[PDB]
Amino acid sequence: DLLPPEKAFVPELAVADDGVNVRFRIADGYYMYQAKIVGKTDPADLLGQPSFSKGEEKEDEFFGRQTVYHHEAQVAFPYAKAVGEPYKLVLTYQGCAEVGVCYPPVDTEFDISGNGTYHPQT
């Protein structure tokens, strides 16, 4: 009874014309820090600042008061550049278990070449 992070926090990428939408599926008994969800691209700066779905507020033993996510987290990155070429998206996030321990920040890389849904490769 303690999931590998690969199973506690599962992101799915929806690449469309307006930008990249990320949905995290979050296993029962785990939660995610809104403030630790970050997106970077190579080439850099194709994406603007993320829009976040509504979360909850929690007094946390690690980072104090925080907006967190149970069950799911939704994050939409708008396009800041015209993108016609493939690029890499590096997603950073961090979640915890309700039992009272936290996973380290995790970086997950997506190789994007056009529209559709993308899954993690490892």
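Start at 1 and count along the sequence shown; that's the residue number.
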Stretch with higher mean Cα temperature factor, 40-48 vs 79-87, is 79-87
Comparing 17-25 with 102-110, the higher average Cα temperature factor in the PDB entry belongs to 17-25
Quick tally, chain-level thirds of C-alpha B-factors: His71 sits in the lowest
Quick tally, chain-level thirds of C-alpha B-factors: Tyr93 sits in the middle
